[PDB]
């Protein structure tokens, strides 16, 4: 029996898969810290929740350091390869390739960062070796585990794109999707984890794996090279901070839109004193929906990778800008043409990009 709520005196783990939570908790019980446990959990989720994350991808890992009292983010968001181009998702007529078609092409594959992120996290805060931490996941991959309902539904839902690639041998053996309770065995992933254990992250970013990954991306139409993999490094990001209702909030900056617009929606909604409305009242949902429209419009207009583009952060969160936006919201009427605001009236500078509506 696993539970979805727990309490403890000496630490806590919460993940989307019981086997991963077990592995993270085990690390802590054996004297590892939260960063060691988080690294072990990522490997475990890579095996047991393989549709959602892993060393083929990237992420944002926010860590509060209990010794230095600093909060920092290991940003392992994937990079576009050197051969990527602004128009790479357009057809010959200069119109967007339909999303569902884009998803399965090699051009969609970013240079993976997750493994580089785990290595950096251990370098900064680790007290356990990557060799210790990856070992339980090598065993889950090699020996297998019975698949949960979420995984089973995923294999079924995504049967078509899995059927087009080498993934078919793992998830659709004999041409049939594995069912809830069936054993999933991932021998090749096990082998890859053994190579990482023996040779370090070079097993991934260099050598035969890097060549094979690159060649495969190219077979599916993408431009990624071995040099792209060699060039990759994570970035250390400073959180963006805001105040809400007596709390300081540390959240994720560009290249995520998440922190700025979490803070902006909180700031807009804080004007309304939402608790005055019952938690299931139409008034509450109205105010939520209207705020979301304004903030998501700003996101579409103004957010991108801050190594490349000017995100008007000061402007977007300026108390006077918030006021302007909040003033656009009524209980009894809906904005039928919500648009981005002009955060540039509330800070210096200008966009080094244009306003282009997406299909």
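Positions refer to the first chain, counted from 1.
Comparing 150-158 with 189-197, the higher mean C-alpha B-factor in the PDB entry belongs to 150-158. Set 295-303 against 315-323 and average the Cα temperature factors; 315-323 ends up higher. Per the PDB entry, 280 shows the highest C-alpha temperature factor of the residues 116, 124, 128, 280. Note on 120, 182, 237, 142: the highest value goes to 182, judged by CA B factor as recorded. In the PDB entry, residue 247 places in the highest third of its chain by CA B-factor. Per the deposited record, the Cα B-factor of residue 36 falls in the lowest third when ranked against the other modelled residues of its chain. For residue 65, the recorded CA temperature factor ranks within the middle third of the chain's modelled residues. Per-chain ranking of the deposited C-alpha B factor places residue 331 in the highest third. Among the modelled residues of its chain, residue 272 has a C-alpha B-factor that falls in the highest third, as given in the PDB entry.
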